[PDB]
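Protein chains in written order, with the authors' numbering: chain W, 305 to 456; chain Z, 5 to 290; chain V, 338 to 497; chain Y, 201 to 389; chain X, 369 to 422. Quick reminder that beta carbons are idealized off the backbone N, C-alpha and C, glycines included.
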Amino acid sequence: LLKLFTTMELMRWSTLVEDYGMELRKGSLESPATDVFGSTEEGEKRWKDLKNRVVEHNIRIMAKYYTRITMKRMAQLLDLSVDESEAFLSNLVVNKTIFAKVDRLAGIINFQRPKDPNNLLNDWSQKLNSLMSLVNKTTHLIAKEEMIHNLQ
Amino acid sequence: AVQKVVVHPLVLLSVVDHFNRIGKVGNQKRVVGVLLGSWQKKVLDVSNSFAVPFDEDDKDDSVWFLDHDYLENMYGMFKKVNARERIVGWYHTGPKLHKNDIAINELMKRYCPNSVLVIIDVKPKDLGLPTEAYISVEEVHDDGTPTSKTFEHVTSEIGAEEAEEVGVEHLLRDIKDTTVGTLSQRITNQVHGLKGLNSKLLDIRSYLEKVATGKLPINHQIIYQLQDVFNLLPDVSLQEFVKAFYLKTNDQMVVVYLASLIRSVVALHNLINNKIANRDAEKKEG
Amino acid sequence: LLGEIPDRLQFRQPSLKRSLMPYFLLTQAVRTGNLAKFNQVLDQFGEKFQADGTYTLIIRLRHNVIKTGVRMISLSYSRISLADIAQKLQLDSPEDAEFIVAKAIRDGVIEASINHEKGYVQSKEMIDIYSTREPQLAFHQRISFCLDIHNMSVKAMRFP
Amino acid sequence: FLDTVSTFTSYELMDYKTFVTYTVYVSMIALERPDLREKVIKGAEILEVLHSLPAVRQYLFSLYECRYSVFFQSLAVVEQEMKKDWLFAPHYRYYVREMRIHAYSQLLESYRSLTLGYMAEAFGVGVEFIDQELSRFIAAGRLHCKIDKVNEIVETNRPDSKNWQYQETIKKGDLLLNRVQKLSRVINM
Amino acid sequence: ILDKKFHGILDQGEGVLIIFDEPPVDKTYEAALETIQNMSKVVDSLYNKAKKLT
Numbered sequence: 305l306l307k308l309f310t311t312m313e314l315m316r317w318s319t320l321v322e323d324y325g326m327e328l329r330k331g332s333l334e335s336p337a338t339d340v341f342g343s344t345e346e347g348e349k350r351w352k353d354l355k356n357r358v359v360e361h362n363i364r365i366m367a368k369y370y371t372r373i374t375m376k377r378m379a380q381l382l383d384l385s386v387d388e389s390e391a392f393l394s395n396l397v398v399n400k401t402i403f404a405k406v407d408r409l410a411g412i413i414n415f416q417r418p419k420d421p422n423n424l425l426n427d428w429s430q431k432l433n434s435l436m437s438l439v440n441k442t443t444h445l446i447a448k449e450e451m452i453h454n455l456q
Numbered sequence: 005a006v007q008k009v010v011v012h013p014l015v016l017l018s019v020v021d022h023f024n025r026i027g028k029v030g031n032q033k034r035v036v037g038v039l040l041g042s043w044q045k046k047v048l049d050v051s052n053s054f055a056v057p058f059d060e061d062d063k064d065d066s067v068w069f070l071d072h073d074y075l076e077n078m079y080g081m082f083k084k085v086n087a088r089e090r091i092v093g094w095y096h097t098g099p100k101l102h103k104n105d106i107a108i109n110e111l112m113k114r115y116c117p118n119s120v121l122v123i124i125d126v127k128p129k130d131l132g133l134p135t136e137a138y139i140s141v142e143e144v145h146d147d148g149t150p151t152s153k154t155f156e157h158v159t160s161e162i163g164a165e166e167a168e169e170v171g172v173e174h175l176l177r178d179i180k181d182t183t184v185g186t187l188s189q190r191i192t193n194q195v196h197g198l199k200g201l202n203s204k205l206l207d208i209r210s211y212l213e214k215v216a217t218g219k220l221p222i223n224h225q226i227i228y229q230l231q232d233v234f235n236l237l238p239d240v241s242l243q244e245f246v247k248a249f250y251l252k253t254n255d256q257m258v259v260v261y262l263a264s265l266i267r268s269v270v271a272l273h274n275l276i277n278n279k280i281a282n283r284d285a286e287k288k289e290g
Numbered sequence: 338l339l340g341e342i343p344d345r346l347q348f349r350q351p352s353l354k355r356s357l358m359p360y361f362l363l364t365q366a367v368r369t370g371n372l373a374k375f376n377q378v379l380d381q382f383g384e385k386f387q388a389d390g391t392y393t394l395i396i397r398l399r400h401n402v403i404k405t406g407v408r409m410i411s412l413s414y415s416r417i418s419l420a421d422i423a424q425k426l427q428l429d430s431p432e433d434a435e436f437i438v439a440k441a442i443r444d445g446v447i448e449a450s451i452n453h454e455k456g457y458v459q460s461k462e463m464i465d466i467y468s469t470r471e472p473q474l475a476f477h478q479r480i481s482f483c484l485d486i487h488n489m490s491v492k493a494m495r496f497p
Numbered sequence: 201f202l203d204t205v206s207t208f209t210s211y212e213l214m215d216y217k218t219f220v221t222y223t224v225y226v227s228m229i230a231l232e233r234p235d236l237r238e239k240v241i242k243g244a245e246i247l248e249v250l251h252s253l254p255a256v257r258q259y260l261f262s263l264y265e266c267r268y269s270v271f272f273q274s275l276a277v278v279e280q281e282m283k284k285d286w287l288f289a290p291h292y293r294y295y296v297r298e299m300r301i302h303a304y305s306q307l308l309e310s311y312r313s314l315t316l317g318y319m320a321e322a323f324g325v326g327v328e329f330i331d332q333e334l335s336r337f338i339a340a341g342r343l344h345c346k347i348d349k350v351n352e353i354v355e356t357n358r359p360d361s362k363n364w365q366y367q368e369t370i371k372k373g374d375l376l377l378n379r380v381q382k383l384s385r386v387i388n389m
Numbered sequence: 369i370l371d372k373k374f375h376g377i378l379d380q381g382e383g384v385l386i387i388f389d390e391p392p393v394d395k396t397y398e399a400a401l402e403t404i405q406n407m408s409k410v411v412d413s414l415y416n417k418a419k420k421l422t
C-alpha cells in the first residue's frame, strides 16, 4: 500500500492484484475485502478507482520528469492501450491536476511546461544561484587551506 | 552555537594599538588579549575588548599565561559601564597557531561555554578580507585517534555601528565613493578572475602535491566533492553551450535593444535642447 | 535603377509639374512589367530624355524592371512556377527564364529552388532572420551614428 | 457624422436617410470591426434608420457574419450608389479593394495555413481571380501575407508584433536627426 | 479569434487545433509611438530655427 505512495516508480498492476487478490482469501477477517471487493457493483467502481490511483500516481511523477514523451511509450508505461490512455488523458486534464499538451498526429505529447517564455529565471538561476557556488570556492577554500597548512 | 562573527574596526584596533604598547618593549610572540563579545543571536558580534599582558615561551612551547586579576576586576569595570558587553572568548594576532593554543581556550571555558578565538593581522598584506576566526569543538577523527580538539574556521565579516563612523571614516578622506554602476562592478570582474583563478592555481598545485608528498590530507572527502559541484558546467572545450548559445545572445537581446533605444531619445533630449539654448544666447547677443 | 521606387508625384511641384510630365509616366511604367507600355514611353517621352542625357540606363533598366516584376511575384507567393510566371511577366519562353533565374541567384535576388523536368520552379519561405540577429546588429551602426552627433553638438557648442 | 439625428433634416442636410447612407459607407472602413458593430447596435437613433433599408443593413451584418458569398453582390449594390453619386467618382477606386482587405483582414487572421480552394467556396468561385487580386494587395503594402501558388496554401504572418514594428523609431528618426544635423552646422555660419 | 474570445490557431492538413496566447505587445508600441510624437517636437521647432536665423 504505502510502497506505491512513497518514491513511486513503476510496478505491474497485476502484481498489485496478486497482493490485493489474496485479501479475498485472506482471513480470519474478510470484511476489508467484503465492503470493497465483495460487492460487485461497488467493487467494479473501486477497481477502476484503484486504476485511478495507480495510473495518476504515474502521471504525477511523470509531470515532474517531462520534458516530453511519445504516445506509444505511455501505453507500455501505464500498462494499457493508447485509447485507455486518451481516456485517462481526458479525465485527468479536465480535473486540471497536470497541464498537458497532447499532439496525436506525430504521437509526441508532454506534461507542462507552459511554452517556455521564461527569461529571468533562465539567466538568474544561471548567474545568481550557480555562480554563488562558484564564488564560495575561495571562501571555504581558505578555511580548509588553514586546516591542511597548520598540520602539514 | 557560533556560526559567523562580526568584527568592528574599533575592537580590532584594540589589538593594533596594543601592538604599539608591547611592540616598543618587545620582545617575542605577539599581542594577545581577551575578547568581549556582544551576542544578540546565533550571529556573533564584537564591540569592545581589553588587552592583557601575555607571553608564550618557545622551549617550553606549551607555556602560556593570561593575567586573571586583570580579567576579573576589569570585567566588573566594563560590566558597570556596559551591562550587555561580556567576554565571549579571546584573540591574538597569529599569524598562525602553534599547537599550544589548545590549552588557552579550555582554561577560560569557566567564563564562557564556548570561547571563540579571533586571529587578527596588524599589517594588512594578503589575500583579502583579513584576520580570521576559530571555534573550539571536538570532532575526534575517523582514523581512531583519542578525542581530538581542533579549532574549526569561523567566517569573519566586518560590520558597522551608529556614531562610530564619525572619526573612523573621516581620516581617510581620499576614497572615491563609489561609484556604483560604472567602475564599481567592473574592477571586481578584473579581480574576480585574478583572485578567483589564483587560488585555483595555488590549490591545484597543492592538490598535485598530494600524490607527491603531504598525504594525508586525503583530504577527505571535502576537496573533490564541492569541486564536482563546481562541475555543473566545467566549462571546457568548447563551453558546451549548444543549448546556451542562442540563449547567450538572447540575454543580450533587450540589453542591447534598450541601449539602442535610450541613446536615441537621450540624444533627442541632449542634442535638441543644447542647440536650442545655444543659438538663443549665441546669435541674439551679437 | 534601384528597382524599388514608388510613384514620384509625391515629389512633384506645380512649377516642376509641366516639366516632369514626360518623365512622370516613365516611372509609372517601371512599376509594371509590360513591354508594350514600357516601349511606348520610350518612343513618345524619349525627346525629353535627350536633354538629360539619361539614355545610358534605358538599355539596362529593362533588366531592372524584370527584377522588380519578379520580386513583386516572389514576395507575394511562396512557390512560383516558371511556366506560370513565363507569360505573366511575358518572358515568352522557358529557356530564357532559366537564364534569368540563374542570374537572379547569381545576384542574390531570389532564393527559389528549381526542380527541372519540364521544368518548373518550386520555392519555399525564407526565414530565421528573426529578431536577435538583424536589429541588434544594425543598431551597432545606429548608435555609432548617434554618439558621433553627441560630439557634433559639443563641437558646435564650443564655438560660442 | 457621429451627431446623426441631432442634426435632424434640413434644406442643407437633404434627405437624412441619404445622409445615413453617406456615413454608413465610410463607417465600414474607418470604424473598426469592434466599433463597427458597436455604433449601429448600441447607438439608438441610428439603428432605426438602417433597419428601414434592408439592402444596407444586410451588408452591415453580413460583414460581421464574414460570409464572402454575399459580399461581391451587395458590395456592387453599394458601388452602384457609389458610381451614380457625385463627388464619389474619384473616391470609389480605392474604396473597392479597401472593403475587400477589410473582409480579408479577418479572413487570413483566422488560419495560419489556408487553402484557396476553401476560399473558392466562400468567393464562389475564386480561382484565378484572387490569384492576381491578392497578389496586387501585397505589392501595394496592403495585408502583407504569403500565399503559396499551385500548392494551394496561404501562410500567416506577418508577425508584426516584434520586428518591423520597431522600424518606425529610427526611420522617422533619421530625417528628424538629419534635419537637426544640417541645421546645426548653420549655427554658427 | 476575430472576436478575441479564443486565442489559438488550427491545422487544416493534420487536424490539430493549437492554442497560443504567447505573442505580447509591450515594449514596442511604447517606443515607436513616442517617436511619432517626437516628430512634432522638431517640426514645431523648425519654426523657431528658421525665424531666428533669417
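- By DSSP's assignment, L314/Y forms a beta bridge with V354/Y.
- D49/Z has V10/Z and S42/Z as its beta-bridge partners, per DSSP.
- Counting the other Cβ atoms within 10 Å of the Cβ of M409/V gives 16 or more, which makes it buried.
- In this structure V19/Z touches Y95/Z by the C-beta definition: roughly 6 Å separates them, less than 8 Å.
- For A55/Z, the pairing in a beta bridge is given by DSSP as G37/Z.
- Per the C-alpha coordinates, the member of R257/Y, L253/Y and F219/Y positioned closest to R237/Y is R257/Y.
- With contacts defined as CB atoms closer than 8 Å, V9/Z and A216/Z fail to qualify as a contacting pair.
- Taking a contact to require three or more Cβ pairs closer than 8 Å, the region 227-235 of chain Z and the region 436-447 of chain W qualify as touching.
- Counting the other Cβ atoms within 10 Å of the Cβ of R267/Y gives fewer than 16, which makes it exposed.
- Legend: CB atoms of the region 392-416 of chain W lying less than 8 Å from CB atoms of chain X belong to residues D407, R408 and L409.
- Following the DSSP letters along the chain, one finds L247/Y inside the alpha helix (DSSP H) bounded by residues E245 to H251.
- Under DSSP, the beta-bridge partners assigned to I139/Z are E156/Z.
- Assignment of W94/Z by DSSP, reduced to helix, strand and coil, places it in the strand class.
- Closest option to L14/Z, judged by alpha-carbon separation, among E76/Z, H22/Z, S51/Z and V158/Z: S51/Z.
- The beta carbon of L250/Y sits closer than 8 Å to the beta carbons of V220, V224, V240, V256, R257 and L260 from its chain, once the five residues preceding and following it are set aside; these are given in chain order.
- Three or more beta-carbon pairs drawn from the region 307-319 of chain Y and the region 352-362 of chain Y are found closer than 8 Å, and the two stretches are therefore classed as touching.
- The DSSP-derived three-state label of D146/Z is coil.
- Distance from the Cα of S252/Y is smallest, within the candidate group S269/Y, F271/Y, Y216/Y and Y264/Y, for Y216/Y.
- For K288/Z, the nearest beta carbon of chain Y is not closer than 8 Å to its own beta carbon.
- Rounded to whole angstroms, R283/Z and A263/Z show a C-alpha spacing of 30 Å.
- At least one CB atom of chain X sits nearer than 8 Å to the CB of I276/Z.
- Under the DSSP definition of a beta bridge, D339/W lacks any partner.
- Beyond the five residues adjoining it in sequence on each side, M282/Y comes within less than 6 Å, by CB distance, of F288 and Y292 in the same chain, given in chain order.
- For a cut-off of 8 Å, the C-beta gap from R416/V to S460/V is around 5 Å, short enough to register as a contact.
- With 16 or more other CB atoms across the displayed protein chains lying within 10 angstroms of its CB, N406/X is buried.
- In the structure shown, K219/Z falls within a coil segment according to DSSP collapsed to helix, strand and coil.
- Residues of chain X whose Cβ lies closer than 9 Å to the Cβ of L265/Z are, in chain order, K395 and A399.
- Taking 8 Å as the CB threshold, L307/Y stays off the interface with chain V.
- With the rule of 3 Cβ pairs closer than 8 Å, the region 182-202 of chain Z does not count as touching the region 407-425 of chain W.
- For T374/W, the pairing in a beta bridge is given by DSSP as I412/W.
- In this structure the region 362-379 of chain Y does not lie against the region 377-385 of chain W, because fewer than three pairs of beta carbons, one per stretch, are closer than 8 Å.
- Within the same chain, Cβ atoms closer than 7 Å to the Cβ of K113/Z are found at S119, the five residues on either side in sequence being excluded.
- Looking from the CA of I246/Y, the closest CA among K349/Y, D285/Y and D203/Y belongs to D203/Y.
- If you keep only unbroken alpha helix (DSSP H) runs of at least 4 residues inside the region 275-310 of chain Y, you get 292-308.
- Taking CB atoms only, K382/Y has no neighbour in chain V less than 8 Å away.
- Fewer than three beta-carbon pairs drawn from the region 189-200 of chain Z and the region 160-177 of chain Z are found closer than 8 Å, and the two stretches are therefore not classed as touching.
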